[PDB]
Amino acid sequence: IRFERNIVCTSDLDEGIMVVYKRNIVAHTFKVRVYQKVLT
Amino acid sequence: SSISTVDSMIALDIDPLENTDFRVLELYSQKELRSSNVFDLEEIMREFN
């Protein structure tokens with residue numbers, strides 16, 4: 001029974017710039033012409 | 001008083017957890033949500049009227 005130094009004590013990931021894009025949901029809007037005649 | 005001293009204190013300074021005010025993140029605005037439809041009911045009803 002002899003004491004001894006058996007206690008040995010010993011003691012940022014990826015920084016960066018980020019840009020986040022979402023999935024576009026707006027419906028595509030274009031111009032439509034409708035020709036027609038009215039007979040009354 | 002130059003004989004010096006002994007700093008036997010084992011430092012255990014644990015920084016407090018900083019406060020965080022969570023944002024109310026909004027991905028799509030209400031305008032995009034209303035514009036994300038092939039058919040709009042208000043337009044159809046207005047044209048019928």
# chains A, B, ... in the order shown; residues from 1 in each chain; ligands from 1
>>> interface_residues(of="chain A", to="chain B", cutoff="7 Å", atoms="only C-alpha atoms", output="PyMOL selection string")
chain A and resi 25-27
>>> write_last_selection(atoms="C-alpha atoms", output="PDB file, in the first residue's frame")
ATOM      1  CA  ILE A  25     -44.189  29.118 -55.219  1.00  0.00           C
ATOM      2  CA  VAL A  26     -45.445  32.194 -57.105  1.00  0.00           C
ATOM      3  CA  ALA A  27     -47.469  31.182 -60.155  1.00  0.00           C
TER       4      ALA A  27
END
>>> select_by_dssp(residues="chain B", states="alpha helix (DSSP H)", output="list in words")
residues 30, 31, 32, 33, 34, 41, 42, 43, 44, 45, 46, 47 and 48 of chain B
>>> atom_distance(atom1="CA of residue 19 in chain B", atom2="CA of residue 20 in chain A")
24.8 Å
